[PDB]
Amino acid sequence: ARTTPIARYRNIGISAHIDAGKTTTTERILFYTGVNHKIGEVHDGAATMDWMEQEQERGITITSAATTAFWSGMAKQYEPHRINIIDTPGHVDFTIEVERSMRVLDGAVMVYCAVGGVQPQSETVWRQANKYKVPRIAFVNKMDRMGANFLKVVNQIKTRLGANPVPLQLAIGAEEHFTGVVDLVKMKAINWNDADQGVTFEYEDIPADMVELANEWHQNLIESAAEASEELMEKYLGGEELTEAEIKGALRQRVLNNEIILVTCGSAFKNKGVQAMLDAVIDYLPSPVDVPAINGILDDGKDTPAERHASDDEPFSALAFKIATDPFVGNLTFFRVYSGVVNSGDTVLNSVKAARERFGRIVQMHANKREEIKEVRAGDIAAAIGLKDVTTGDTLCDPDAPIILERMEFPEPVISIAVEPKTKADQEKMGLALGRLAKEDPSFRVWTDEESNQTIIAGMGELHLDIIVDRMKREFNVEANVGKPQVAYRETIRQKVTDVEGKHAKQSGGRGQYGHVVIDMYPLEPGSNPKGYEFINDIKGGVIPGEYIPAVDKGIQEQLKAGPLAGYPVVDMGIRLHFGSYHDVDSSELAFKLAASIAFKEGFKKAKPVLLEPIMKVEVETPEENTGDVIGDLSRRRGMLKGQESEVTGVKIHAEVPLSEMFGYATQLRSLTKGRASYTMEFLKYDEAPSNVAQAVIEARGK
Amino acid sequence: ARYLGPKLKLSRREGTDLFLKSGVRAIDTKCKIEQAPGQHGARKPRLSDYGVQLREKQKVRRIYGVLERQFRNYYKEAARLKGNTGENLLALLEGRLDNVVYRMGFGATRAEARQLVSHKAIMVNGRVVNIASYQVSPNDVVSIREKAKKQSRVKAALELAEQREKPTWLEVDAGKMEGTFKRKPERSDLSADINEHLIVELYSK
Amino acid sequence: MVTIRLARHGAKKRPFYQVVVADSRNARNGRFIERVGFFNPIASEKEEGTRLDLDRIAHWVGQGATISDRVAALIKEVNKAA
Amino acid sequence: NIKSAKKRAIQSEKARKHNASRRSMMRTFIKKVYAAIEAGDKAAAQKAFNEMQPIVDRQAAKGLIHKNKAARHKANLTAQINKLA
RNA sequence: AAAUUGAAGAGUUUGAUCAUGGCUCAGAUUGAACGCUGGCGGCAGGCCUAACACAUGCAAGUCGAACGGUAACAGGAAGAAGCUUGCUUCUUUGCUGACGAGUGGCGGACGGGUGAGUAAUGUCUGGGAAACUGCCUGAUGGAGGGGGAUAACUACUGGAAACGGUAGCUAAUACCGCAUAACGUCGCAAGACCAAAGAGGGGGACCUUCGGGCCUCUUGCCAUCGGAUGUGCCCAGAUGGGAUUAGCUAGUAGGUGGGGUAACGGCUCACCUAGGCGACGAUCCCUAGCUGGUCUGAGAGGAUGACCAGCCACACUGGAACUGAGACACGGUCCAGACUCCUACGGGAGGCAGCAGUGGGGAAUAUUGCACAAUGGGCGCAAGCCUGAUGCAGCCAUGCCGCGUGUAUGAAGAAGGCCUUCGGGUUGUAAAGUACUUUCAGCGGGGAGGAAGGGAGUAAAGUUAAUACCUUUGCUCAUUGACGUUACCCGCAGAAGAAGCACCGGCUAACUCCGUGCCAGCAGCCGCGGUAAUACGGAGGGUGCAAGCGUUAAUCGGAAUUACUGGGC
Ligand SMILES: Nc1nc2c(ncn2[C@@H]2O[C@H](COP(=O)(O)OP(=O)(O)O)[C@@H](O)[C@H]2O)c(=O)[nH]1
Ligand SMILES: [Mg+2]
Ligand SMILES: [Mg+2]
Ligand SMILES: [Mg+2]
Ligand SMILES: [Mg+2]
Ligand SMILES: [Mg+2]
Ligand SMILES: [Mg+2]
Ligand SMILES: [Mg+2]
Ligand SMILES: [Mg+2]
Ligand SMILES: [Mg+2]
Ligand SMILES: [Mg+2]
Ligand SMILES: [Mg+2]
Ligand SMILES: [Mg+2]
Ligand SMILES: [Mg+2]
Ligand SMILES: [Mg+2]
Ligand SMILES: [Mg+2]
Ligand SMILES: [Mg+2]
Ligand SMILES: [Mg+2]
Ligand SMILES: [Mg+2]
Ligand SMILES: [Mg+2]
Ligand SMILES: [Mg+2]
Ligand SMILES: [Mg+2]
Ligand SMILES: [Mg+2]
Ligand SMILES: [Mg+2]
Ligand SMILES: [Mg+2]
Ligand SMILES: [Mg+2]
Ligand SMILES: [Mg+2]
Ligand SMILES: [Mg+2]
Ligand SMILES: [Mg+2]
């Protein structure tokens with residue numbers, strides 16, 4: 001039945017900052033597990049993981065791809081373990097892709113660069129891992145690049161991210177002279193071989209260029225893994241060194257609780273270091289049953305609604321980490337079975353969506369490539385064609401299984417732009433595409449606000465929104481140019497009041513009736529009422545027919561409803577009919593509303609209203625070094641501010657800025673803050689602004 | 001598929017009694033049955049040839065509780081059949097199961113007979129039929145099922161089935177809850193006001 | 001191999017086969033040389049469930065026509081002993 | 001291919017090789033008889049006809065050609081050799 | 001016996017009339033679409049356009065009772081693993097069940113698809129002669145004897161794969177000669193010539209080289225004449241429009257001889273004649289699969305060829321063939337093209353108009369489903385295996401049919417609406433209220449039939465030489481249904497969960513008010529609206545149909561308006 005025992009299952013992720021070596025290392029992995037014949041390189045576009053056309057050209061990974069391998073060991077020490085690796089993007093534009101993937105993975109290998117180490121996306125992913133609480137190990141790649149420091153990078157992790165790291169392999173030699181690594185357990189040096197692409201290596205004599213720090217850090221290591229129990233410590237404090245095996249099992253334990261992180265160093269591009277990390281993925285990372293069970297909600301919660309022992313015997317339960325788009329079936333849902341067995345054709349129940357789904361073609365994957373499999377065991381990551389309702393993060397399970405899994409949380413789109421097919425009428429074709437791609441990214445949203453006719457596309461980043469646009473030109477092909485969102489202006493009287501009036505000679509003898517009103521304008525104030533359509537009924541001269549005395553404010557609503565000044569609605573405006581004229585035979589309503597319409601028109605000009613644009617309450621966090629520049633930029637924009645507040649890990653800025661303003665604020669923020677800031681817009685009360693555009697957009701139609 | 005509305009509206013639109021009500025109270029005392037149901041019913045629309053044909057056809061449809069589809073079928077058959085088209089049509093209309101139920105009691109109205117047929121409260125020769133259009137065959141017995149027998153409504157309908165022209169083709173048993181269909185009604189065994197030839201020309205127009 | 005097989009006419013969930021002597025190539029419902037009686041599988045009534053045409057079946061099987069499994073079973077049942 | 005109709009492809013090729021062998025041999029014997037008949041030696045042509053006859057009849061038996069084709073060869077050749085004198 | 005019994009008009013030219021004449025409406029029908037609305041069941045239906053391009057998954061295998069054999073599982077055999085001479089399981093042995101790959105046989109030409117091509121090489125009807133036909137069936141026989149290979153395999157080897165090399169082999173129902181065969185072929189005759197294959201089951205012997213030999217039966221093999229079947233061929237009639245297509249044709253028409261075909265044939269070659277077709281429409285051009293039938297019609301006729309069935313044709317485009325009884329071959333070969341995919345860059349793979357499905361095009365057409373339980377089909381001694389045939393299920397009011405959405409009662413003829421001559425009327429027994437029922441939906445429980453068979457045991461005979469072993473025909477036994485939470489039946493609760501669409505000037509059934517004022521708008525036709533609009537919009541009311549309604553599109557009718565029936569100058 002089960003090809004590989006659950007204990008011989010590793011589900012790992014490669015998350016790190018941009019260009020940290022995450023994709024290259026997976027290529028070295030696909031090479032040193034024999035699954036791929038050529039090592040490859042990203043700049044050449046050769047990398048398999050980047051299958052997407054954009055990813056090949058830009059070298060960027062714009063999606064997470066999952067692949068598996070069998071690393072028996074570096075010495076064929078173990079029977080082949082199936083390492084499920086989910087390589088992830090590190091571009092903050094695509095942040096769902098790391099988190100969508102992160103909940104599913106059991107362990108994380110977080111890459112770092114020896115020149116830089118912790119860089120901004122690196123903290124971002126660290127935070128993501130902490131929320132899904134993945135036990136982590138680390139690979140510090142680029143140790144073949146000047147500025148390379150294993151030691152310094154370790155400190156960087158401790159100083160910045162917050163993690164306390166235990167060295168596993170120190171480094172033999174400098175950046176150009178990176179011969180290989182020194183284990184702090186085997187006490188060996190795996191000097192790799194240049195002629196072969198790292199395929200062969202030699203365990204060596206631990207030379208004196210580096211034989212002394214090794215002792216210090218080996219000693220520092222024992223102490224920390226020995227920091228797992230007094231049974232180790234009583235012997236450790238017995239002055240005796242505990243066995244490496246007790247250290248390695250102790251190591252696996254400390255990683256599970258996240259007490260320590262294990263740091264491995266190598267150079268994927270230099271084809272060195274990669275084979276050992278794949279070995280240490282076996283050594284400390286968690287197997288599906290090497291930690292406690294998935295938990296659940298049952299029937300609005302229970303004592304232990306789900307304590308699903310990940311097993312080939314427990315009832316089927318899963319999570320759809322990702323929905324992806326395939327043009328021929330129309331979807332591909334990536335699922336990890338937390339507990340259970342599912343087979344081709346098996347029905348599943350969408351615990352979250354309360355529905356029935358049939359799994360038509362379960363497949364396994366090598367990035368883009370897919371291999372159909374009849375059944376999926378627990379702890380296996382697979383892609384399911386034939387599933388049409390599962391949202392990213394929605395549990396798919398057998399009936400009577402947990403309703404809710406922990407992955408119900410996702411980021412908020414930060415950039416908004418609008419789009420138009422060249423052909424004005426390809427708008428639905430364009431529209432459907434935006435929708436499909438919106439299913440795949442819970443972070444790409446398409447809402448065509450009905451205030452204006454514009455199609456609005458919201459996304460986590462400027463690249464994302466562009467990577468999300470070339471996909472439309474390429475798949476679901478449409479040609480579309482992006483632009484600016486429209487303007488949601490409004491208006492209100494300032495203070496002026498009169499006894500204005502309107503009148504048509506509806507009689508003429510033959511016509512037979514007429515209507516006329518004397519009105520009285522006032523504003524309330526910008527934001528005193530919930531009911532912007534304020535009013536007072538007074539009339540006691542020319543008292544219009546009674547059966548529609550109260551029915552003569554709602555017909556007037558259709559002026560406050562939209563557009564008196566420049567095609568923009570009114571707020572807080574108060575109308576007051578006091579006099580008028582009529583005759584109670586049949587005072588025609590549809591031709592009496594002309595009196596009301598000219599009453600509004602004349603009333604508006606005399607009252608000198610104003611125009612108030614949309615302005616919101618922005619809230620920003622940023623490092624306490626970029627305050628001057630972020631506030632200077634807010635100042636360049638028409639922004640007021642709110643809070644003289646400084647956080648402890650930064651500074652919380654509060655600012656009132658326009659809504660037509662701040663187009664592309666996020667990218668400007670990242671630019672001037674070193675991609676280390678977030679923000680939000682609260683849609684606060686509208687405020688007036690002197691604008692050359694408010695009248696040029698109605699003088700566009702002139703009179 | 002059933003006219004759920006004011007039956008007396010229909011009746012006084014026809015002017016005549018469609019018997020869409022039980023005999024508990026007179027027709028005038030329940031509805032002002034001389035004027036059309038409208039606010040302009042007091043007025044008089046001068047008749048047209050189509051007018052009287054449609055009105056007779058609708059009278060028959062409203063009497064028997066049949067809709068225009070399946071009434072066109074009751075004409076298609078009895079046009080295919082042999083004999084007089086209109087007579088065969090009236091026979092095919094009296095053969096309906098709610099019809100024979102009504103004419104044998106068990107329901108004071110065709111709609112009560114429809115509910116009787118539909119609620120599996122009837123048994124054409126033991127076999128529970130619940131198709132209100134079941135064209136009952138001669139030499140056949142329709143029997144009320146037990147638990148439908150002795151319900152309050154069936155008894156009242158058996159009692160009220162008198163004061164009415166006794167059908168020359170039924171042989172009810174009134175409490176034993178049997179009732180036969182000894183032979184199909186011929187022409188003269190019915191109201192004789194229904195001019196079936198009008199309907200025939202309506203449908204052959 | 002001219003067969004004598006059932007032809008599966010009727011309706012959904014209510015079959016009614018027709019014993020047809022047809023070349024074994026043509027489709028079940030398709031072309032046939034001659035029909036020799038019918039067979040109603042679902043009949044549970046006074047009306048005859050099956051009826052064959054034995055003199056012509058014998059003519060065919062003397063000309064070498066193969067008899068299907070159910071048509072053999074129906075010749076059995078037509079005979080009193082079976 | 002797709003199915004195991006590739007096996008039939010191999011078998012058809014092999015049978016074509018063999019049939020071409022035998023059909024070439026048979027047609028060569030008939031070429032001999034025709035060259036004799038256009039040479040005029042009724043007795044040499046007769047020997048050639050009696051040499052081809054068992055070949056062509058054996059081939060017809062094998063199925064490489066038809067009984068009718070073998071008989072047609074023999075009839076044509078008898079007619080020719082008889083008018084050959 | 002019955003197999004029919006069937007034919008309707010109206011509006012509109014006019015100040016009015018009668019004719020002529022067109023337009024329009026009333027009907028029936030649809031693979032429909034759109035709008036609004038939508039409860040259920042049954043049976044059907046479902047890419048009409050791009051024969052446009054196709055990812056993926058299935059759509060053709062089977063036989064160990066032809067053979068060499070042993071890759072996988074199992075049974076055993078020898079154990080000096082495991083061990084308490086083992087129940088606590090080590091390897092070798094095809095030995096046996098069995099079986100991957102391989103040789104071989106049969107199938108793969110069926111079934112499934114689409115209608116591009118095809119105006120006649122096709123189809124339909126009716127005849128005909130110059131033919132072949134696997135499997136199926138009948139009749140008579142044979143079924144001696146022998147050889148050389150060859151895959152699989154071993155070796156070495158090459159390749160990324162696909163897929164190979166190069167020697168050594170190893171069988172056969174694979175191949176080949178011989179012997180033998182005549183109511184078989186050729187030949188007027190004489191005469192000459194042609195085939196084969198064996199496998200399985202048990203057994204009284206009795207013989208061995210535990211190979212078996214031998215006796216049987218069960219199948220299989222070769223030949224010939226038959227049948228059935230299927231197929232090929234010929235003929236006549238009929239089968240579209242255009243003459244704003246009148247000449248066309250040179251293998252062309254025929255004759256002779258050779259060749260070819262299963263078969264006749266310019267089918268073909270070489271001569272020879274100069275014919276042949278054509279106003280009964282040749283030739284060309286456009287269009288088109290044809291038929292039973294479908295719609296319509298009183299008919300005659302008109303339109304059509306979705307479903308279903310018969311024939312034809314095509315398989316990405318063009319060509320050729322090979323194997324074979326059958327093909328010039330959907331899921332075979334080769335080549336040329338365009339296209340797509342794989343590649344380690346050296347090469348390689350493919351053809352959804354099979355079933356689902358995607359894109360696209362379009363007003364518009366469904367699931368990447370479940371079983372082979374039925375019936376068929378291939379293989380097989382069977383068991384069985386395979387079947388996107390087929391049976392079922394899903395989606396969609398797409399159609400037809402059936403049912404429900406309550407029934408009886410109920411005059412303060414309520415309130416409210418609307419009209420009003422201000423009295424009232426209408427909504428309206430309508431509601432509410434009262435009584436009763438619970439179809440269907442929803443829960444819960446029972447539960448046919450599609451299931452025949454097949455298999456194991458049994459007995460009887462037939463069987464032989466033998467109560468074995470095979471049949472065949474009964475008896476018993478356990479059983480086989482995807483649909484399926486089946487149909488249907490029973491109980492539970494309560495009128496709860498279930499009504500909309502169009503219309504109301506005349507044609508045409510069904511009217512008032514208000515607001516509007518030749519505006520906005522309506523209109524199938526006539527026409528409506530410029531101050532009292534039943535023609536627009538709303539409201540109240542009414543009429544028709546109803547889980548549909550209306551609109552658009554399409555066919556016939558009405559239209560005697562292409563008049564053959566059945567018209568006119
Ligand atoms: N010098 C050096 N370059 C490296 C190393 N690993 C990866 N790279 C290069 O870094 C660039 C981006 O690496 P990649 O793995 O695509 O980045 P990611 O996909 O963002 O992790 C590529 O050019 C790699 O060649 C290394 O160890 N040393
Ligand atoms: Mg780059
Ligand atoms: Mg990358
Ligand atoms: Mg209906
Ligand atoms: Mg299958
Ligand atoms: Mg085998
Ligand atoms: Mg079709
Ligand atoms: Mg040999
Ligand atoms: Mg042989
Ligand atoms: Mg000749
Ligand atoms: Mg013509
Ligand atoms: Mg065509
Ligand atoms: Mg006519
Ligand atoms: Mg195509
Ligand atoms: Mg051939
Ligand atoms: Mg084929
Ligand atoms: Mg195909
Ligand atoms: Mg379209
Ligand atoms: Mg079968
Ligand atoms: Mg009133
Ligand atoms: Mg029910
Ligand atoms: Mg049984
Ligand atoms: Mg059964
Ligand atoms: Mg009228
Ligand atoms: Mg209208
Ligand atoms: Mg119309
Ligand atoms: Mg008016
Ligand atoms: Mg005519
Ligand atoms: Mg005339």
# chains A, B, ... in the order shown; residues from 1 in each chain; ligands from 1
$ residues_near_ligand --ligand "ligand 16" --cutoff "7 Å" --atoms "only C-alpha atoms (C1' of nucleotides) and all ligand atoms" --output "ChimeraX atom specification"
/E:108,329-332
$ write_last_selection --atoms "N, CA, C and O atoms (P, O5', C5', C4', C3', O3' and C1' of nucleotides)" --output "PDB file, in the first residue's frame"
ATOM      1  P     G E 108     -12.195  -7.731 -37.030  1.00  0.00           P
ATOM      2  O5'   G E 108     -11.271  -6.633 -36.342  1.00  0.00           O
ATOM      3  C5'   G E 108     -11.766  -5.851 -35.269  1.00  0.00           C
ATOM      4  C4'   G E 108     -10.674  -5.065 -34.585  1.00  0.00           C
ATOM      5  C3'   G E 108     -10.030  -3.960 -35.400  1.00  0.00           C
ATOM      6  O3'   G E 108     -10.804  -2.777 -35.457  1.00  0.00           O
ATOM      7  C1'   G E 108      -8.344  -5.252 -34.428  1.00  0.00           C
ATOM      8  P     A E 329      -7.302   3.882 -46.568  1.00  0.00           P
ATOM      9  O5'   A E 329      -8.382   3.512 -45.464  1.00  0.00           O
ATOM     10  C5'   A E 329      -8.997   2.232 -45.449  1.00  0.00           C
ATOM     11  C4'   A E 329      -9.302   1.770 -44.050  1.00  0.00           C
ATOM     12  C3'   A E 329      -8.820   2.681 -42.927  1.00  0.00           C
ATOM     13  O3'   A E 329      -9.730   2.602 -41.833  1.00  0.00           O
ATOM     14  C1'   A E 329      -7.806   0.564 -42.716  1.00  0.00           C
ATOM     15  P     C E 330     -10.883   3.703 -41.643  1.00  0.00           P
ATOM     16  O5'   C E 330     -10.328   4.664 -40.504  1.00  0.00           O
ATOM     17  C5'   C E 330     -10.758   4.500 -39.165  1.00  0.00           C
ATOM     18  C4'   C E 330     -10.277   5.617 -38.282  1.00  0.00           C
ATOM     19  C3'   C E 330      -9.318   5.214 -37.180  1.00  0.00           C
ATOM     20  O3'   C E 330      -7.983   5.065 -37.625  1.00  0.00           O
ATOM     21  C1'   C E 330     -11.003   6.598 -36.280  1.00  0.00           C
ATOM     22  P     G E 331      -7.130   3.790 -37.172  1.00  0.00           P
ATOM     23  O5'   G E 331      -6.947   3.987 -35.607  1.00  0.00           O
ATOM     24  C5'   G E 331      -6.136   5.031 -35.099  1.00  0.00           C
ATOM     25  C4'   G E 331      -6.210   5.108 -33.598  1.00  0.00           C
ATOM     26  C3'   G E 331      -5.810   3.854 -32.842  1.00  0.00           C
ATOM     27  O3'   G E 331      -4.409   3.716 -32.704  1.00  0.00           O
ATOM     28  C1'   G E 331      -7.830   4.689 -31.963  1.00  0.00           C
ATOM     29  P     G E 332      -3.676   2.385 -33.215  1.00  0.00           P
ATOM     30  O5'   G E 332      -3.830   2.446 -34.795  1.00  0.00           O
ATOM     31  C5'   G E 332      -2.750   2.850 -35.617  1.00  0.00           C
ATOM     32  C4'   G E 332      -2.104   1.659 -36.270  1.00  0.00           C
ATOM     33  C3'   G E 332      -0.963   1.945 -37.220  1.00  0.00           C
ATOM     34  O3'   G E 332       0.251   2.281 -36.582  1.00  0.00           O
ATOM     35  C1'   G E 332      -2.384   0.365 -38.195  1.00  0.00           C
TER      36        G E 332
END
$ residues_around --residues "residue 278 of chain A" --least-positions-apart "3" --cutoff "8 Å" --atoms "only C-alpha atoms (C1' of nucleotides)" --output "MDAnalysis selection string"
chainID A and resid 29 71 73 274:275 281:282
$ write_last_selection --atoms "N, CA and C atoms" --output "JSON list (two decimals), in the first residue's frame"
[["chain", "number", "residue", "atom", "x", "y", "z"],
["A", 29, "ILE", "N", 18.89, 20.31, -5.26],
["A", 29, "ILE", "CA", 18.21, 19.19, -4.64],
["A", 29, "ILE", "C", 17.69, 18.23, -5.70],
["A", 71, "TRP", "N", 16.00, 11.38, -1.01],
["A", 71, "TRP", "CA", 17.39, 11.49, -0.54],
["A", 71, "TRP", "C", 17.62, 10.37, 0.46],
["A", 73, "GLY", "N", 20.27, 9.47, 1.74],
["A", 73, "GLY", "CA", 21.16, 10.09, 2.74],
["A", 73, "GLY", "C", 22.36, 10.56, 1.96],
["A", 274, "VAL", "N", 24.89, 21.77, -0.51],
["A", 274, "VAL", "CA", 23.45, 21.42, -0.66],
["A", 274, "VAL", "C", 23.11, 20.02, -0.16],
["A", 275, "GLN", "N", 23.95, 19.04, -0.47],
["A", 275, "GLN", "CA", 23.71, 17.64, -0.06],
["A", 275, "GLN", "C", 23.65, 17.56, 1.48],
["A", 281, "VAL", "N", 17.77, 18.00, 6.73],
["A", 281, "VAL", "CA", 16.28, 18.07, 6.66],
["A", 281, "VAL", "C", 15.79, 16.76, 7.26],
["A", 282, "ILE", "N", 16.49, 15.67, 6.95],
["A", 282, "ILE", "CA", 16.13, 14.36, 7.54],
["A", 282, "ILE", "C", 16.38, 14.42, 9.04]]
$ interface_residues --of "chain C" --to "chain E" --cutoff "10 Å" --atoms "only C-alpha atoms (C1' of nucleotides)" --output "PyMOL selection string"
chain C and resi 1-3+5-9+11-15+17+22-31+33+41-44+60-66+68-74+81-82
$ write_last_selection --atoms "C-alpha atoms" --output "short mmCIF file (atom, residue, chain, number, x, y, z; two decimals), in the first residue's frame"
data_model
loop_
_atom_site.label_atom_id
_atom_site.label_comp_id
_atom_site.auth_asym_id
_atom_site.auth_seq_id
_atom_site.Cartn_x
_atom_site.Cartn_y
_atom_site.Cartn_z
CA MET C 1 -22.14 -16.67 -37.51
CA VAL C 2 -25.74 -15.61 -38.03
CA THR C 3 -27.01 -15.27 -34.47
CA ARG C 5 -30.41 -12.73 -30.18
CA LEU C 6 -32.54 -10.31 -28.21
CA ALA C 7 -32.76 -6.77 -29.55
CA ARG C 8 -33.60 -4.64 -26.48
CA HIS C 9 -36.42 -2.36 -27.46
CA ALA C 11 -38.14 2.09 -22.46
CA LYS C 12 -35.88 3.10 -19.61
CA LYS C 13 -36.03 0.72 -16.63
CA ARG C 14 -38.65 -1.27 -18.55
CA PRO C 15 -37.05 -3.40 -21.29
CA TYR C 17 -36.53 -7.59 -26.17
CA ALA C 22 -29.33 -11.19 -37.34
CA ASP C 23 -25.76 -11.37 -38.56
CA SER C 24 -23.53 -11.15 -35.50
CA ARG C 25 -21.78 -8.11 -36.98
CA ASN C 26 -24.65 -5.61 -36.97
CA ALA C 27 -25.59 -3.74 -33.82
CA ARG C 28 -27.94 -5.10 -31.17
CA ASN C 29 -30.80 -2.76 -32.12
CA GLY C 30 -29.54 -2.61 -35.68
CA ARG C 31 -29.96 -4.57 -38.88
CA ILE C 33 -32.63 -10.66 -41.25
CA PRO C 41 -38.72 -9.57 -19.26
CA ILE C 42 -40.74 -7.54 -16.76
CA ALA C 43 -44.10 -9.11 -17.40
CA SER C 44 -45.56 -10.53 -14.20
CA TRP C 60 -32.43 -20.91 -39.24
CA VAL C 61 -30.61 -23.25 -36.87
CA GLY C 62 -30.79 -25.85 -39.62
CA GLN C 63 -29.14 -23.28 -41.85
CA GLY C 64 -26.50 -22.96 -39.13
CA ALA C 65 -27.65 -19.93 -37.16
CA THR C 66 -26.14 -19.61 -33.69
CA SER C 68 -27.65 -16.80 -28.02
CA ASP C 69 -27.68 -17.69 -24.33
CA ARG C 70 -30.99 -16.04 -23.48
CA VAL C 71 -32.63 -17.22 -26.69
CA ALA C 72 -31.61 -20.77 -25.82
CA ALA C 73 -33.06 -20.21 -22.34
CA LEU C 74 -36.25 -18.90 -23.93
CA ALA C 81 -40.13 -29.60 -19.54
CA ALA C 82 -38.07 -26.52 -18.73
#
$ residues_near_ligand --ligand "ligand 27" --cutoff "8 Å" --atoms "only C-alpha atoms (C1' of nucleotides) and all ligand atoms" --output "MDAnalysis selection string"
chainID E and resid 514:516 531:533
$ residues_near_ligand --ligand "ligand 21" --cutoff "9 Å" --atoms "only C-alpha atoms (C1' of nucleotides) and all ligand atoms" --output "count of residues only"
4
$ residues_near_ligand --ligand "ligand 2" --cutoff "7 Å" --atoms "only C-alpha atoms (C1' of nucleotides) and all ligand atoms" --output "list in words"
residues 58, 59 and 60 of chain A
$ closest_atom_pairs --of "chain D" --to "ligand 9" --cutoff "12 Å" --atoms "only C-alpha atoms and all ligand atoms" --output "tab-separated table"
residue	atom	partner	partner_atom_place_in_ligand_line	distance
D:61	CA	ligand 9	1 (Mg)	11.5
D:62	CA	ligand 9	1 (Mg)	9.1
D:63	CA	ligand 9	1 (Mg)	11.6
$ decode --residues "segment 27-36 of chain C" --atoms "N, CA and C atoms" --output "mmCIF file, in the first residue's frame"
data_model
loop_
_atom_site.group_PDB
_atom_site.id
_atom_site.type_symbol
_atom_site.label_atom_id
_atom_site.label_comp_id
_atom_site.auth_asym_id
_atom_site.auth_seq_id
_atom_site.Cartn_x
_atom_site.Cartn_y
_atom_site.Cartn_z
ATOM 1 N N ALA C 27 -25.377 -4.117 -35.201
ATOM 2 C CA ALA C 27 -25.590 -3.735 -33.819
ATOM 3 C C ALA C 27 -26.773 -4.487 -33.224
ATOM 4 N N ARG C 28 -26.847 -4.457 -31.893
ATOM 5 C CA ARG C 28 -27.943 -5.095 -31.172
ATOM 6 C C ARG C 28 -29.293 -4.634 -31.704
ATOM 7 N N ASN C 29 -29.566 -3.335 -31.601
ATOM 8 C CA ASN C 29 -30.799 -2.759 -32.120
ATOM 9 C C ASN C 29 -30.811 -2.659 -33.633
ATOM 10 N N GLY C 30 -29.715 -2.994 -34.298
ATOM 11 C CA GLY C 30 -29.544 -2.606 -35.681
ATOM 12 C C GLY C 30 -30.202 -3.491 -36.713
ATOM 13 N N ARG C 31 -29.442 -3.845 -37.738
ATOM 14 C CA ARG C 31 -29.963 -4.571 -38.883
ATOM 15 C C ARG C 31 -30.196 -6.031 -38.524
ATOM 16 N N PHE C 32 -31.283 -6.600 -39.040
ATOM 17 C CA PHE C 32 -31.574 -8.001 -38.775
ATOM 18 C C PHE C 32 -32.264 -8.623 -39.976
ATOM 19 N N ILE C 33 -32.115 -9.937 -40.092
ATOM 20 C CA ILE C 33 -32.625 -10.658 -41.251
ATOM 21 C C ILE C 33 -34.110 -10.941 -41.112
ATOM 22 N N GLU C 34 -34.555 -11.210 -39.890
ATOM 23 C CA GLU C 34 -35.924 -11.622 -39.626
ATOM 24 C C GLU C 34 -36.115 -11.643 -38.121
ATOM 25 N N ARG C 35 -37.330 -11.383 -37.667
ATOM 26 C CA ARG C 35 -37.615 -11.456 -36.244
ATOM 27 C C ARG C 35 -38.528 -12.640 -35.971
ATOM 28 N N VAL C 36 -38.202 -13.379 -34.926
ATOM 29 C CA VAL C 36 -38.902 -14.607 -34.583
ATOM 30 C C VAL C 36 -39.376 -14.443 -33.146
#
